[PDB]
Ligand SMILES: CC(C)(COP(=O)(O)OP(=O)(O)OC[C@H]1O[C@@H](n2cnc3c(N)ncnc32)[C@H](O)[C@@H]1OP(=O)(O)O)[C@@H](O)C(=O)NCCC(=O)NCCSC(=O)c1ccccc1
Ligand SMILES: CC(C)(COP(=O)(O)OP(=O)(O)OC[C@H]1O[C@@H](n2cnc3c(N)ncnc32)[C@H](O)[C@@H]1OP(=O)(O)O)[C@@H](O)C(=O)NCCC(=O)NCCSC(=O)c1ccccc1
Ligand SMILES: [Ca+2]
Ligand SMILES: [Ca+2]
Ligand SMILES: [Fe+3]
Ligand SMILES: [Fe+3]
Ligand SMILES: [Fe+3]
Ligand SMILES: [Fe+3]
Ligand SMILES: [K+]
Ligand SMILES: [K+]
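Residue numbers (my numbering), protein chains in the order written: chain A, 1 to 514; chain B, 515 to 1028.
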């Protein structure tokens, strides 16, 4: 039980071989140093901390998915478009996970069944100095089998263990865990599930997915999609205590039960005066400071991990980082692409969810109309995307002469290609939204800022595409950037001196010439 | 090659055993008698005509799917709700079709490779006296394999063979045949496909499906869904001439090639003066008289059929019949149910598309809100249904105290439960619609009434549901219809005399007491 063929340690070895690994040996605080160093180097190389404060048996990795280029190099993709198409193909073709014995799983070298103090072994962090609680935000849930209709689910859930071996368990309403909890709410037996830590990067990648249930409904095989992404099946193992399955190649696994009707407060102040949605609880995906709520409790029965002499790795990450944004929006991009290809194939060329929009709030699709009969399909695509995403606030459709990765080019399409009377779609006013957007706090009024009181404004679908047959009038003004060579006119020093000053939309426009 | 284990002949034997079969021996005209007798007995028992005018080798069945109760008795379903749930389960679990040899397929007893006059063997009908052409509207297309991404497609296409062995081939834009034609438009080799006639009733049932491609995308297995519906795999056989596969247990098969870039007019008058969308071409699904268009040509290379001494059965049906409505809207109902269950399970209770709405224009879903967090999901459902259906004009969401099969009860919900300022959704103005609705002719103007010139008004999503927490104010007024027995007060004669006068919404209200 010491090999994990494709896991976090092999990924660290590949990162060290490629030269992408930044590793230090100095003792780092989980309090306001890991997330601070992650935000200082946001969207960059992975950082490995060998020594963690008050965690003598644990290492810590961060910014693992921060640069999307090294992630695409890890999984063998050339660019983001190839990544989107390959992960859509992997969604439609899962690899069924294999079950190995309880003696070759590396996560079951040490099995703690007593003295269950989760905060002693797992590294809880604080993100900002405005917080009061150190929370565990590193684990993915793992529901395999009868509670997920014979499929499998992996996904992140934040936990605050402020009762020793009992901690809160934050569930987004509408998610797969919400659907499992809603089905088994009125039950006597609690839901058995495991929280896995230091998982293979494919499992992190698929655990980022969410609110894409027209493509990945309840009963799908998310671990199958992770196995299809890494190109080999993800190994499972039966738990020691509960009746479930874990990722065998993880670094830590918490086994236990979820009690849905046992709801407790996440912080001490919101418990002190009984108010959800007011007190600060570590910044959220929307790009604002989060709020503390009531949440069901996760009753840990066993802590299994690797050997503490091997120093198992945990992956703590801040929420408003490019790390967290890549983790969610990559597989959500390919799911949106899959839905638009299902509705009408051959029209959508590329789907991109930038860091700027949010995890669950926005997307940009790029359509190409081949004839007059395909005119109008972008409005079907925008309405279907906004309806099938639960609280996406802004979907933008652009034409094929646009750089989809530049927000300056998107703003140019918003300025020049949008009729404000006809091209703004508000499809579903009064539907379901995401309560973590404070624009829905503005609709709750003086009631409690919970999901029961918010009112969704309906989303915003912006059709910034060129009408068919008007491609000559909306033609983009390509210059002669390949008809002239600057090496004739200037030397190397003038050329790189002028090239060092360019940044952004000029860098996008100088490649394309438009 | 004389057994078809589950096919049209075995279904006729079961209908005769149950007493549902109405069979005559008098010679019926395909000109204005078959569709007339079908409309006289619309929504009733199957009619079998042994002698057809100028078709001495052919029998004709009609109103086969006219009564939905005998269809549910044929496939083993108790009511329509069980049918919707079972066909949704069959959609998510197809049975892979089997391939049998060319000598046990009953449709290949007689293989005609010369003298290909399709109108000599296949029965073309005229529906109304306003028409001029007798068209073939009995066959389903069958694309299996590489042209459908390794999946299979079955679906109806009307054909008018006015060049001997070359006929038009009407394709709805957006359909599976449209997607196949759009992918292989710019190709030199024509698309090989077979038109199958007198197919098993499961294949007719699944061939009715259309514009449900979030659930049944390109590359799905529609013959697999037919095999899952009948409970045994549908047998296939390799063609004699072209490189394709047919339904082995059919009665007639036309083998040939589809030429997409060879477009010809459907009638003689529209060919005479070059106008699509004006001249009458046999009433359509919208409930209006249809129009003649240009269409790609189907070049028949071989006619294979059963033995002419066995008198193979064809199934001609009028378009504005309950037959045709059941055929499309049954599997489309279960597809809409599957999509709403994928987005958020446990909320939608029942989906119904009545005969009154249309084939592709409307649907009624019935939701049940279990808590405050599920309030608003019906608007997501309405927007997703209207976006993922290509030109559904009217989707209505009602609560669970409504009889979904009574249009009077739906009109009552429209009167009493709709806020006209907030509960009318217009999600996708300017999207793709269905050109056969003349409300989109009103938007084409003085241009040609084609799909290239219509402008969709956006659909109409009506939220007629009760808001959560106001179930006491919107409570339906249940009387004491089971507290009193009429057999005490009156005799049998007064009771059935009073019961014979009740019809419609009073019949719905007297069962429920509301
Ligand atoms: C949505 C709740 C949980 C609603 O609680 P409250 O309003 O306080 O109301 P209650 O709790 O009292 O229950 C009401 C009554 O209804 C019933 N009932 C309830 N549930 C169910 C059920 N499932 N099934 C069936 N029934 C159910 C139940 O009977 C109950 O009555 P009882 O309890 O029997 O007396 C609220 O706590 C909240 O706002 N959570 C935060 C929402 C959120 O957005 N989290 C996002 C995290 S993602 C983010 O971190 C992230 C993303 C990406 C990257 C990074 C980060
Ligand atoms: C939609 C068309 C086919 C458009 O034709 P038109 O407007 O005359 O225009 P054109 O034909 O000239 O082509 C334009 C140019 O664009 C190109 N291009 C075209 N296509 C493609 C392609 N696929 N892929 C790629 N490219 C394509 C092509 O280059 C072409 O130029 P060329 O040809 O190279 O010079 C029209 O004929 C029509 O309205 N059909 C009826 C629509 C309908 O609703 N049928 C519903 C039946 S269901 C009902 O029966 C029913 C349902 C349920 C129960 C019962 C019953
Ligand atoms: Ca992204
Ligand atoms: Ca129906
Ligand atoms: Fe999941
Ligand atoms: Fe526009
Ligand atoms: Fe099909
Ligand atoms: Fe209402
Ligand atoms: K996920
Ligand atoms: K079909």
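The beta carbon of each residue, even a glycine, is placed where N, CA and C say it ideally should be.
message = Could you check whether the Cβ of residue 911 of chain B sits closer than 8 Å to any Cβ belonging to chain A?
response = Taking Cβ atoms only, chain A never reaches closer than 8 Å to residue 911 of chain B, which makes this a no.
ask   = Taking any heavy atom of ligand 5 as the mark, which residues have a C-beta closer than 6 Å to it, listed down the chain?
value = A:153, A:155, A:176, A:222
inquiry  = Below 8 Å on C-beta distance, what does residue 891 of chain B contact in chain A?
reply    = In chain order: 431, 432.
query = Apart from the five residues just before and just after residue 863 of chain B, which ones in its own chain have a Cβ nearer than 6 Å to its Cβ?
reply = 880, 882, 914
ask   = Leaving out five residues before and five after residue 682 of chain B in sequence, what residues of the same chain have Cβ atoms less than 7 Å from its Cβ?
value = 673, 674, 778, 780, 809, 811
query = Does the distance from the CB of residue 721 of chain B to the CB of residue 670 of chain B come in under 8 Å?
reply = yes
key: Of the residues A:135, A:39, A:119, the one placed nearest residue 126 of chain A, counting alpha carbons only   = Out of A:135, A:39, A:119, A:135 has the C-alpha closest to the C-alpha of residue 126 of chain A.
inquiry  = Please return the same chain residues whose Cβ sits closer than 6 Å to the Cβ of residue 340 of chain A, not counting the five positions on each side in sequence.
reply    = Counting only Cβ-Cβ distances below 6 Å, and skipping sequence neighbours, we find 348, 381.
key: Proximal residues of chain A, C-beta to C-beta of residue 697 of chain B below 8 Å   = 345, 346
request  = Taking residue 427 of chain A as the query, report the chain B residues whose CB atoms sit under 8 Å from its CB, ordered along the chain.
outcome  = 897, 901, 939, 941, 942
query = Taking the Cβ atom as the reference point for each residue, do residue 1020 of chain B and residue 978 of chain B lie within a distance shorter than 8 Å?
reply = no
inquiry  = Less than 8 Å between the beta carbons of residue 392 of chain A and residue 424 of chain A, yes or no?
reply    = At a Cβ-Cβ threshold of 8 Å, residue 392 of chain A and residue 424 of chain A do not count as neighbours.
key: Neighbouring residues, chain B, relative to residue 213 of chain A (Cβ below 8 Å)   = By Cβ distance, chain B contributes 856, 857, 858.
inquiry  = Tell me which residues share the same chain as residue 283 of chain A and place their Cβ nearer than 8 Å to its Cβ, disregarding the 5 neighbours each side in the sequence.
reply    = 127, 128, 289, 290, 318, 319, 320
inquiry  = Distance cutoff 8 Å, beta carbons only. Does residue 472 of chain B sit that close to anything in chain A?
reply    = Look at the range of chain B in this structure, 515 to 1028, and you will see that residue 472 of chain B is not part of it.
ask   = Is the shortest distance between the beta-carbon of residue 608 of chain B and the beta-carbons of chain A less than 8 Å?
value = no
task = Starting from residue 326 of chain A, trace the beta strand (DSSP E) both ways and give me its first and last residue.
result = Where residue 326 of chain A is concerned, there is no enclosing beta strand (DSSP E), although the alpha helix (DSSP H) it sits in stretches over 322-343.
inquiry  = Does the CB of residue 760 of chain B have a neighbour CB from chain A at under 8 Å?
reply    = no
message = Between residue 157 of chain A and chain B, is any beta-carbon pair separated by less than 8 Å?
response = For residue 157 of chain A, the answer is no, since every Cβ of chain B falls outside 8 Å of its Cβ.
inquiry  = Restricting to Cα atoms, I'd like to know which of B:961, B:712, B:762 is closest to residue 613 of chain B.
reply    = B:762
inquiry  = Tell me the DSSP secondary structure of residue 587 of chain B in three-state form.
reply    = helix
message = At the 8 Å Cβ level, is residue 316 of chain A part of the contact set with chain B, yes or no?
response = no
message = Does the beta-carbon of residue 782 of chain B, which I'm using as the reference point, lie nearer than 7 Å to any heavy atom of ligand 2?
response = no
task = Using only the heavy atoms of ligand 8, determine whether one of them is closer than 7 Å to the beta carbon of residue 849 of chain B.
result = no
task = Can you give me, in chain order, the residues of the region 677-688 of chain B that have a beta carbon less than 8 Å from any beta carbon in chain A?
result = 687, 688
query = Between the region 182-199 of chain A and the region 269-276 of chain A, are three or more C-beta pairs nearer than 8 Å?
reply = no
ask   = Which ranges does the alpha helix (DSSP H) cover as unbroken runs of at least 4 residues, wholly within the region 632-660 of chain B, from first to last along the chain?
value = 632-635
query = So is the beta-carbon of residue 437 of chain A under 7 Å away from any non-hydrogen atom of ligand 1?
reply = Result no, Cβ not under 7 Å from ligand 1.
message = With distance defined between alpha-carbon atoms, name the residue in A:324, A:433, A:352, A:503 nearest to residue 287 of chain A.
response = A:324
Alpha carbon of residue 826 of chain B to alpha carbon of residue 959 of chain B, nearest angstrom = 47 Å
ask   = If you follow the beta strand (DSSP E) that residue 682 of chain B is part of, which residue opens it and which one closes it?
value = 680-682
request  = Rank B:637, B:983, B:666 by C-alpha distance to the C-alpha of residue 736 of chain B and give the top, closest one.
outcome  = B:666
Residue burial classification, residue 749 of chain B (beta-carbon count within 10 angstroms, cutoff 16) = buried
key: Closest by C-alpha distance to residue 54 of chain A, when choosing among A:304, A:32, A:121, A:16   = A:121
query = What does residue 731 of chain B touch in chain A if you count any residue whose Cβ is under 7 Å from its own?
reply = In chain order, 342 make up the part of chain A whose C-beta sits under 7 Å from the C-beta of residue 731 of chain B.
query = Along chain B, in chain order, which residues have C-beta atoms closer than 7 Å to that of residue 373 of chain A?
reply = The contacting residues are 687, 965, 966.
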